Amino acid sequence: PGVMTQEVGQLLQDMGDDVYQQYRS
Amino acid sequence: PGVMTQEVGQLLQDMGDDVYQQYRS
Amino acid sequence: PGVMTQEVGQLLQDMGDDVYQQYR
Amino acid sequence: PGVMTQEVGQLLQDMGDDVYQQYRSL
Amino acid sequence: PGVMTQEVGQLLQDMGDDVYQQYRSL
Amino acid sequence: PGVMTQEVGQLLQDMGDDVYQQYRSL
Amino acid sequence: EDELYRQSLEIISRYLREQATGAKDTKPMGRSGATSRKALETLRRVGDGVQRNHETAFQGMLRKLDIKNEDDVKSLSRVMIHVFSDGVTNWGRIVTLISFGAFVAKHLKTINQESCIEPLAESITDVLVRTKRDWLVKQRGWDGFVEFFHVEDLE
Amino acid sequence: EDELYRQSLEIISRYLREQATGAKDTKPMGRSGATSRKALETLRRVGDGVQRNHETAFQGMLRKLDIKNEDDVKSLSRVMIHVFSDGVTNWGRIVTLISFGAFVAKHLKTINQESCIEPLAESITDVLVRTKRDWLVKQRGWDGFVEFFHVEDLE
Amino acid sequence: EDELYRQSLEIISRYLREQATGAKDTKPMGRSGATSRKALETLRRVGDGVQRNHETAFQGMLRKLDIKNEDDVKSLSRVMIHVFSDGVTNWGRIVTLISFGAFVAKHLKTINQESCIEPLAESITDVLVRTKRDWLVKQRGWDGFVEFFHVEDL
Amino acid sequence: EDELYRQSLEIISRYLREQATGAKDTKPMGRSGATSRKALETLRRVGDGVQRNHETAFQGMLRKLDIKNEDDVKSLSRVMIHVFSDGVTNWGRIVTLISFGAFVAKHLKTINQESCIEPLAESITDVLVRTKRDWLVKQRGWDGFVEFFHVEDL
Amino acid sequence: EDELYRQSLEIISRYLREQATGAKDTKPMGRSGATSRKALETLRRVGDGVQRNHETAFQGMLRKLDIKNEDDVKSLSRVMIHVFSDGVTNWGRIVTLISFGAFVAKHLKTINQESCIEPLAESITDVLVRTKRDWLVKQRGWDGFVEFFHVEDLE
Amino acid sequence: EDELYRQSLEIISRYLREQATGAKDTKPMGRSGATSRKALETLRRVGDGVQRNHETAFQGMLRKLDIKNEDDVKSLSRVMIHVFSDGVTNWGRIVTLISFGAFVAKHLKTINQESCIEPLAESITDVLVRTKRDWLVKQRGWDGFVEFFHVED
């Protein structure tokens, strides 16, 4: 209704985890 | 093979004749 | 690969024969 | 992997079958 | 209304004596 | 039954024993 | 041909088979066998009774024979012929041979050799017809069989 | 060309596939709809009964067969043939074979091998029609099956 | 041409478009207007219900499929095929597939890829018609879809 | 304690178990090993040989007994008693009985009644010790069992 | 208070979490550190082998369990007990249980139920520790785990 | 390669090494690790037992042997062979052989000759596998070793 923050959050979550991959070890 | 035949046969005879006498009359 | 052919077969036979007479 | 079509496909199968159970004539 | 066990026993009785006679012994 | 714990469990048993045979010191 | 070998085999095989499995099977006998169905009833009535009476003895006698595969059916043939070796033929001996044959049939199922049961009934029918056909006819076949073991009841 | 085979495969597949599904499919049948439907209803009643009764046993029996996929189906065919090795054919054995098949069908869904369910129904149908067709025609096919398992209604 | 296909496309495209947009369209159909309108209303009822029921599951399922652009729309085709990968076909399985399609459409708008919505509806329409046309004509098309999901009066 | 019992049970239970489970076990024994292991190895040799020699007959004999569950275990006890009913006792008769037990154990596995196997082993261990303990200790127990079935070339 | 429970939970929960995320997490480790990391490495290698071998079967098996939310985890506890109900315990059965537990973990992520991952690992650890404490110690815990699945050789 | 030799050397070397240093290097063993580790545990138990039983005697016996360097290792080989010179072979003599060997290993560490510890384990492993292989296989190798000394719990 409502602003699906859960959706945007999970989207940012995966992008964030990918940024981790690009720069880690 | 067959080592018996006899003994068994004679036993069956008497039993048979007993049955014979049983239903004879 | 099942070497159980005769074993399972006879088991089903006896079970089938019991279904028989239950409905006969 | 890397696209579990069978997995999500099977999940949709169950859900769709439940939907069929819900609306079918009794 | 009961399975005759002497029959099975008598069979095993005979088989056992054959196994005894078999050249494990003598 | 309606709760399939036994079939899955038994299946898991045989899969586990196969693994046991796989890595066991021959 | 040989209408007498047929029916005879049928009656004996029916009896040996049904005594082995446990219960009865395809009731409509083939001849047409009103007589064949009578004889099977008479055979199962009298035969079972005889089997109960000498179950103890049959066990040892059969154990003595030591039957374990089809080649041992021949040893049963030798026994049956020895029963009539004294020249005397009657329904008492004949029906007892079939009762003992039934006792063997159960044994063959116990040792998982059910395939020997039909060759067994065959050998029993063989001996009776091969050696005693004239007596069977003279005693009016299976009708003389039923008539002999018919009990008056009455009342 | 073989109306008996088509109807048999139809009824058996319908029962097995729906036992695998966990819900019943009631949609109309191919040819003789009434007979087949009645047979499917009867098979449901008796078959579910057989399975509830021997569930524990069936579990171990199938376990020993070690069915993993379609290549293990012929192992089932060998078992089915062996069910008729003693010469005796009846509806009890037939419905139990079908009931065990429905049990194998559920297992096939459990191990994600639902594709083998049709070759399963086929081999079950094959054994019955290839080796026991004369018996099935004599027993009036699936009309006799319904008749056999028909149960008294208490009026 | 394929009369069955064209009507299926219009209905599914309309639903997926308005679900993504948020507001019902609701411009009048559309060749065979009556049936098509009834199907959409029916699809709105059952479809939303499926989405409301399996929303949590749908979120994860779609997430695993990793849909970012139109190239990934083709990957959903393999999924839709698998939904029927056992011969089984009913109206429940079909309406669920469409309901998951509407959920994917919303995701596409969320990631600013609305240009993939229309190809998605086409892919959905494709699978339904291509593999189960004989089934669809047998169930009287969308008239049968409406009939199945009709709930008694009162 | 009945020292002959823990050893006898261990040997008979281990044999029946690996015969049923299909794959022989390897674990060390209890008291010290040696003899118990030698007995089990001997039992494998003779026992499997007996089974292969009398598998067909065993199939029907067991079928007649109609063993379905743990209640039917008691029926087997009476079969074991009949083996030594004529007052005769030898190592051949003992190994044949245990061989039949292993055959029964496989059947218990086949019908999903594996919980009856250990009770079966106990019932077999019972008969031997209960009525034939004197004979057993007089034949040097399991050392005599191994000695009897020894056949070695070299 | 129970190092065995704590250590076991770490290894198993580490395995289940990382299998779900897909990201092989290299943030080691805990108290024992050494053995625990070696156990997690062995769990990965061996477990992924089992998961690849029975991926097809695992899918159907978990499908029939119908695990949707937190309450359904209790259904898995019952399964794990049945894995040992025959009294037999070995590293093969224990690791396969963990491998299947990891398979459920992948599934929980799929239906967006990641919050159920930790109770899943806990339930696995419960059954193992509650019911197999003695066997684990007699087999020297997770040192007997690395010892069993050890592969070397070639020079 | 010889599997029996690899296992025996592994077991004997590890025992002599840990008896010398006084530690415990239970790292990943060979392929038949379960047998090897059980055998080593048994060797720890029985071996220490034999040592505490005859330590006073061992001291003088090794002293008389006068072992100073790797040249003197061939002297231990003669002693080892002479143990079986009556044609008799059993686990008692074998475990005693290895027990005395562990006593020599400590002495080698005491006189700063730890380099001779591996050749010592080799020589012990040699006389067993090179000359008594038939008996060892008959007694089921190291499986029979653990079985023989199993007591009790």
# chains A, B, ... in the order shown; residues from 1 in each chain; ligands from 1

$ calpha_fit_and_write --fixed "chain K" --moving "chain H" --output "CSV table (one decimal) with C-alpha atoms, in the first residue's frame"
chain,number,residue,atom,x,y,z
H,1,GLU,CA,28.8,-27.3,29.9
H,2,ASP,CA,28.4,-29.5,26.8
H,3,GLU,CA,31.5,-28.7,24.7
H,4,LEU,CA,30.4,-31.4,22.3
H,5,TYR,CA,27.0,-29.8,21.7
H,6,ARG,CA,28.5,-26.3,21.2
H,7,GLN,CA,31.1,-27.5,18.7
H,8,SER,CA,28.5,-29.7,16.9
H,9,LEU,CA,25.9,-26.9,16.6
H,10,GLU,CA,28.7,-24.6,15.4
H,11,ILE,CA,30.0,-26.8,12.6
H,12,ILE,CA,26.5,-27.8,11.5
H,13,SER,CA,25.1,-24.2,11.5
H,14,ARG,CA,28.2,-23.0,9.6
H,15,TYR,CA,27.7,-25.6,6.8
H,16,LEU,CA,24.0,-25.2,6.5
H,17,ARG,CA,23.9,-21.4,6.5
H,18,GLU,CA,26.6,-21.1,3.9
H,19,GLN,CA,25.0,-23.8,1.7
H,20,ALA,CA,21.9,-21.6,1.9
H,21,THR,CA,23.9,-18.5,1.0
H,22,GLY,CA,25.7,-20.0,-2.0
H,23,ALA,CA,29.1,-19.0,-0.8
H,24,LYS,CA,31.5,-20.2,1.9
H,25,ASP,CA,32.2,-18.4,5.2
H,26,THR,CA,35.8,-19.0,6.3
H,27,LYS,CA,36.0,-16.9,9.4
H,28,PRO,CA,37.7,-18.5,12.5
H,29,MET,CA,35.9,-20.8,14.9
H,30,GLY,CA,35.0,-20.4,18.5
H,31,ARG,CA,36.9,-22.8,20.8
H,32,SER,CA,39.1,-25.5,19.2
H,33,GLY,CA,39.5,-23.7,15.9
H,34,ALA,CA,41.7,-26.2,14.0
H,35,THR,CA,39.5,-29.3,14.6
H,36,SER,CA,36.3,-27.4,13.8
H,37,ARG,CA,37.7,-25.8,10.7
H,38,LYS,CA,39.0,-29.2,9.5
H,39,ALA,CA,35.6,-30.7,10.1
H,40,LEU,CA,33.9,-27.9,8.2
H,41,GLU,CA,36.3,-28.5,5.2
H,42,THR,CA,35.6,-32.2,5.3
H,43,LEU,CA,31.9,-31.8,5.6
H,44,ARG,CA,32.0,-29.5,2.6
H,45,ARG,CA,33.8,-32.1,0.5
H,46,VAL,CA,31.7,-35.1,1.5
H,47,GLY,CA,28.4,-33.2,2.0
H,48,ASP,CA,28.5,-31.5,-1.4
H,49,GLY,CA,29.2,-34.9,-2.9
H,50,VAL,CA,26.2,-36.5,-1.2
H,51,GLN,CA,24.0,-33.7,-2.4
H,52,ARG,CA,25.2,-33.9,-6.0
H,53,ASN,CA,24.6,-37.7,-5.9
H,54,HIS,CA,21.1,-37.8,-4.4
H,55,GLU,CA,19.9,-34.4,-5.5
H,56,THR,CA,16.9,-35.7,-7.5
H,57,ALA,CA,15.8,-38.0,-4.6
H,58,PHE,CA,16.2,-35.3,-1.9
H,59,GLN,CA,14.0,-33.0,-4.0
H,60,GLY,CA,11.1,-35.4,-3.8
H,61,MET,CA,11.7,-36.5,-0.3
H,62,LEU,CA,11.7,-33.0,1.1
H,63,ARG,CA,8.7,-32.2,-1.1
H,64,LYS,CA,6.7,-34.9,0.7
H,65,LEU,CA,7.7,-33.6,4.1
H,66,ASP,CA,6.0,-30.4,3.0
H,67,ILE,CA,8.2,-28.0,5.0
H,68,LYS,CA,6.7,-24.5,4.9
H,69,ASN,CA,8.1,-23.0,8.1
H,70,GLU,CA,9.4,-23.4,11.7
H,71,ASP,CA,6.4,-25.4,12.9
H,72,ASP,CA,7.2,-28.1,10.4
H,73,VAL,CA,10.7,-28.5,11.8
H,74,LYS,CA,9.7,-31.2,14.4
H,75,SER,CA,8.6,-33.3,11.4
H,76,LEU,CA,12.2,-33.3,10.4
H,77,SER,CA,13.2,-34.3,13.9
H,78,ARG,CA,10.9,-37.3,13.7
H,79,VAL,CA,12.6,-38.3,10.5
H,80,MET,CA,16.0,-37.9,12.1
H,81,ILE,CA,15.1,-40.1,15.0
H,82,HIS,CA,13.7,-42.7,12.6
H,83,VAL,CA,17.1,-42.8,11.0
H,84,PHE,CA,18.4,-44.5,14.1
H,85,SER,CA,15.5,-46.8,14.8
H,86,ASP,CA,17.2,-50.0,13.8
H,87,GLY,CA,19.9,-49.5,16.4
H,88,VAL,CA,22.8,-48.8,14.0
H,89,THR,CA,24.8,-45.6,14.4
H,90,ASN,CA,27.6,-44.6,12.0
H,91,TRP,CA,29.2,-41.6,10.3
H,92,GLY,CA,27.6,-42.3,6.9
H,93,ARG,CA,24.1,-41.9,8.4
H,94,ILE,CA,25.3,-38.8,10.3
H,95,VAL,CA,26.8,-37.0,7.4
H,96,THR,CA,23.8,-37.8,5.2
H,97,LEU,CA,21.5,-36.3,7.8
H,98,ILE,CA,23.6,-33.2,7.8
H,99,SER,CA,23.8,-33.2,4.0
H,100,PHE,CA,20.0,-33.6,3.8
H,101,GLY,CA,19.8,-30.7,6.3
H,102,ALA,CA,21.9,-28.5,4.1
H,103,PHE,CA,19.5,-29.4,1.3
H,104,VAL,CA,16.6,-28.4,3.4
H,105,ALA,CA,18.5,-25.2,4.2
H,106,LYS,CA,18.7,-24.3,0.5
H,107,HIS,CA,15.0,-24.9,0.1
H,108,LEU,CA,14.3,-22.7,3.1
H,109,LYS,CA,16.1,-19.9,1.3
H,110,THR,CA,14.1,-20.6,-1.8
H,111,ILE,CA,10.8,-20.2,0.0
H,112,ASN,CA,12.0,-17.2,1.9
H,113,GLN,CA,12.1,-18.9,5.3
H,114,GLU,CA,15.8,-18.5,6.2
H,115,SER,CA,15.0,-17.8,9.8
H,116,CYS,CA,14.1,-21.5,10.3
H,117,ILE,CA,17.7,-22.5,9.4
H,118,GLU,CA,19.0,-22.1,12.9
H,119,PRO,CA,16.2,-24.2,14.5
H,120,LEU,CA,17.0,-26.6,11.7
H,121,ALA,CA,20.7,-26.9,12.7
H,122,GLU,CA,19.6,-27.0,16.3
H,123,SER,CA,17.2,-30.0,15.9
H,124,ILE,CA,19.9,-31.8,13.9
H,125,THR,CA,22.4,-31.2,16.6
H,126,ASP,CA,19.8,-32.1,19.3
H,127,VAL,CA,19.1,-35.5,17.9
H,128,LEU,CA,22.8,-36.4,17.6
H,129,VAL,CA,23.7,-35.2,21.1
H,130,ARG,CA,20.5,-36.1,23.1
H,131,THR,CA,20.3,-39.7,21.8
H,132,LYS,CA,23.8,-40.6,20.5
H,133,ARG,CA,26.2,-38.8,22.9
H,134,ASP,CA,27.8,-42.0,24.1
H,135,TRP,CA,28.6,-43.0,20.6
H,136,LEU,CA,30.0,-39.5,19.7
H,137,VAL,CA,32.4,-39.5,22.7
H,138,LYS,CA,33.5,-43.1,21.8
H,139,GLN,CA,34.3,-42.0,18.2
H,140,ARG,CA,36.3,-39.0,19.6
H,141,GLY,CA,33.7,-36.5,18.4
H,142,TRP,CA,34.6,-34.4,15.4
H,143,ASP,CA,38.2,-35.6,15.4
H,144,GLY,CA,36.8,-39.0,14.5
H,145,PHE,CA,34.6,-37.4,11.9
H,146,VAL,CA,37.6,-35.8,10.2
H,147,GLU,CA,39.5,-39.1,10.6
H,148,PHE,CA,36.6,-41.1,9.2
H,149,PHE,CA,36.3,-39.1,6.0
H,150,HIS,CA,40.0,-38.5,5.6
H,151,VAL,CA,41.0,-39.6,2.1
H,152,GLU,CA,44.3,-41.1,0.9
H,153,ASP,CA,46.7,-38.5,-0.6
H,154,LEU,CA,48.8,-40.5,-3.1
H,155,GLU,CA,52.5,-39.8,-2.2

$ calpha_fit_rmsd --fixed "chain F" --moving "chain E"
1.9 Å

$ residues_around --residues "range 3-12 of chain D" --least-positions-apart "2" --cutoff "9 Å" --atoms "only C-alpha atoms" --output "ChimeraX atom specification"
/D:1,14-17 /I:61-62,64-66,75-85,93,96-97,100 /K:59,63,107,110-111

$ write_last_selection --atoms "C-alpha atoms" --output "PDB file, in the first residue's frame"
ATOM      1  CA  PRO D   1      21.846 -24.546 -11.043  1.00  0.00           C
ATOM      2  CA  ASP D  14       1.944 -27.953  -5.459  1.00  0.00           C
ATOM      3  CA  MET D  15       0.495 -24.452  -5.065  1.00  0.00           C
ATOM      4  CA  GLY D  16      -1.489 -24.776  -8.290  1.00  0.00           C
ATOM      5  CA  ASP D  17      -2.790 -28.171  -7.214  1.00  0.00           C
TER       6      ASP D  17
ATOM      7  CA  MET I  61      11.295 -18.125  -5.492  1.00  0.00           C
ATOM      8  CA  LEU I  62      11.638 -15.133  -7.829  1.00  0.00           C
ATOM      9  CA  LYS I  64      16.520 -17.252  -6.759  1.00  0.00           C
ATOM     10  CA  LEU I  65      15.686 -16.962 -10.463  1.00  0.00           C
ATOM     11  CA  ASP I  66      17.706 -13.728 -10.555  1.00  0.00           C
ATOM     12  CA  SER I  75      14.623 -18.286 -18.166  1.00  0.00           C
ATOM     13  CA  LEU I  76      11.106 -18.204 -16.719  1.00  0.00           C
ATOM     14  CA  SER I  77       9.961 -20.216 -19.737  1.00  0.00           C
ATOM     15  CA  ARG I  78      11.765 -23.304 -18.438  1.00  0.00           C
ATOM     16  CA  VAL I  79       9.945 -22.864 -15.125  1.00  0.00           C
ATOM     17  CA  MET I  80       6.492 -22.609 -16.720  1.00  0.00           C
ATOM     18  CA  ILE I  81       7.171 -25.774 -18.721  1.00  0.00           C
ATOM     19  CA  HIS I  82       8.099 -27.627 -15.524  1.00  0.00           C
ATOM     20  CA  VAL I  83       4.773 -26.731 -13.889  1.00  0.00           C
ATOM     21  CA  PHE I  84       3.152 -29.249 -16.243  1.00  0.00           C
ATOM     22  CA  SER I  85       6.148 -31.608 -16.462  1.00  0.00           C
ATOM     23  CA  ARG I  93      -1.974 -24.775 -12.086  1.00  0.00           C
ATOM     24  CA  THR I  96      -1.056 -19.915 -10.313  1.00  0.00           C
ATOM     25  CA  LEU I  97       1.383 -19.542 -13.212  1.00  0.00           C
ATOM     26  CA  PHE I 100       3.367 -15.735 -10.366  1.00  0.00           C
TER      27      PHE I 100
ATOM     28  CA  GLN K  59      14.073 -33.031  -3.950  1.00  0.00           C
ATOM     29  CA  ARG K  63       8.746 -32.327  -1.168  1.00  0.00           C
ATOM     30  CA  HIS K 107      14.948 -24.879   0.330  1.00  0.00           C
ATOM     31  CA  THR K 110      13.942 -20.509  -1.630  1.00  0.00           C
ATOM     32  CA  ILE K 111      10.572 -20.100   0.088  1.00  0.00           C
TER      33      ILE K 111
END

$ closest_atom_pairs --of "range 41-71 of chain J" --to "range 5-20 of chain C" --cutoff "10 Å" --atoms "only C-alpha atoms" --output "CSV"
residue,atom,partner,partner_atom,distance
J:59,CA,C:7,CA,7.9
J:60,CA,C:10,CA,9.5
J:63,CA,C:10,CA,8.6
J:66,CA,C:14,CA,9.9

$ calpha_fit_and_write --fixed "chain A" --moving "chain B" --output "short mmCIF file (atom, residue, chain, number, x, y, z; two decimals) with N, CA and C atoms, in the first residue's frame"
data_model
loop_
_atom_site.label_atom_id
_atom_site.label_comp_id
_atom_site.auth_asym_id
_atom_site.auth_seq_id
_atom_site.Cartn_x
_atom_site.Cartn_y
_atom_site.Cartn_z
N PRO B 1 3.11 5.86 2.21
CA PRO B 1 2.35 4.73 2.77
C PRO B 1 3.24 3.52 3.05
N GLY B 2 3.74 2.88 1.99
CA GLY B 2 4.61 1.73 2.14
C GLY B 2 3.88 0.41 2.00
N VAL B 3 4.01 -0.20 0.83
CA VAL B 3 3.44 -1.52 0.56
C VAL B 3 4.57 -2.46 0.16
N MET B 4 5.72 -1.87 -0.13
CA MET B 4 6.88 -2.62 -0.61
C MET B 4 7.82 -3.04 0.51
N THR B 5 8.76 -2.16 0.84
CA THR B 5 9.81 -2.45 1.82
C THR B 5 10.60 -3.70 1.46
N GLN B 6 9.96 -4.86 1.58
CA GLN B 6 10.56 -6.11 1.16
C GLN B 6 10.67 -6.14 -0.36
N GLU B 7 11.26 -7.21 -0.89
CA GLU B 7 11.66 -7.31 -2.30
C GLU B 7 12.80 -6.34 -2.61
N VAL B 8 12.55 -5.05 -2.41
CA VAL B 8 13.57 -4.03 -2.61
C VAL B 8 14.76 -4.27 -1.68
N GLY B 9 14.47 -4.52 -0.41
CA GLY B 9 15.50 -4.76 0.59
C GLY B 9 16.36 -5.97 0.27
N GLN B 10 15.73 -7.08 -0.09
CA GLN B 10 16.45 -8.30 -0.42
C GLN B 10 17.30 -8.13 -1.67
N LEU B 11 16.77 -7.40 -2.65
CA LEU B 11 17.53 -7.08 -3.85
C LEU B 11 18.80 -6.32 -3.48
N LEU B 12 18.66 -5.34 -2.59
CA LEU B 12 19.81 -4.55 -2.16
C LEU B 12 20.82 -5.39 -1.39
N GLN B 13 20.33 -6.37 -0.64
CA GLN B 13 21.21 -7.28 0.08
C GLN B 13 22.19 -7.97 -0.86
N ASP B 14 21.64 -8.67 -1.85
CA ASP B 14 22.43 -9.45 -2.79
C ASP B 14 23.40 -8.58 -3.59
N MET B 15 22.94 -7.40 -4.00
CA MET B 15 23.80 -6.46 -4.71
C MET B 15 24.94 -6.02 -3.80
N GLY B 16 24.60 -5.76 -2.54
CA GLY B 16 25.58 -5.35 -1.55
C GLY B 16 26.62 -6.43 -1.30
N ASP B 17 26.16 -7.66 -1.16
CA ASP B 17 27.06 -8.79 -0.94
C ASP B 17 27.92 -9.07 -2.17
N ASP B 18 27.39 -8.76 -3.35
CA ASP B 18 28.15 -8.89 -4.59
C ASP B 18 29.26 -7.84 -4.61
N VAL B 19 28.93 -6.63 -4.17
CA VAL B 19 29.92 -5.57 -4.03
C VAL B 19 30.90 -5.96 -2.94
N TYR B 20 30.38 -6.58 -1.88
CA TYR B 20 31.21 -7.07 -0.79
C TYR B 20 32.25 -8.05 -1.33
N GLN B 21 31.81 -9.00 -2.14
CA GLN B 21 32.71 -9.97 -2.76
C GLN B 21 33.63 -9.33 -3.79
N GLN B 22 33.16 -8.26 -4.42
CA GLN B 22 33.94 -7.56 -5.44
C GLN B 22 35.21 -6.93 -4.86
N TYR B 23 35.08 -6.31 -3.69
CA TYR B 23 36.19 -5.60 -3.07
C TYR B 23 36.83 -6.38 -1.92
N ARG B 24 36.30 -7.57 -1.64
CA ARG B 24 36.77 -8.38 -0.52
C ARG B 24 38.24 -8.77 -0.67
N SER B 25 38.48 -9.89 -1.35
CA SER B 25 39.83 -10.40 -1.59
C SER B 25 40.63 -10.57 -0.31
#
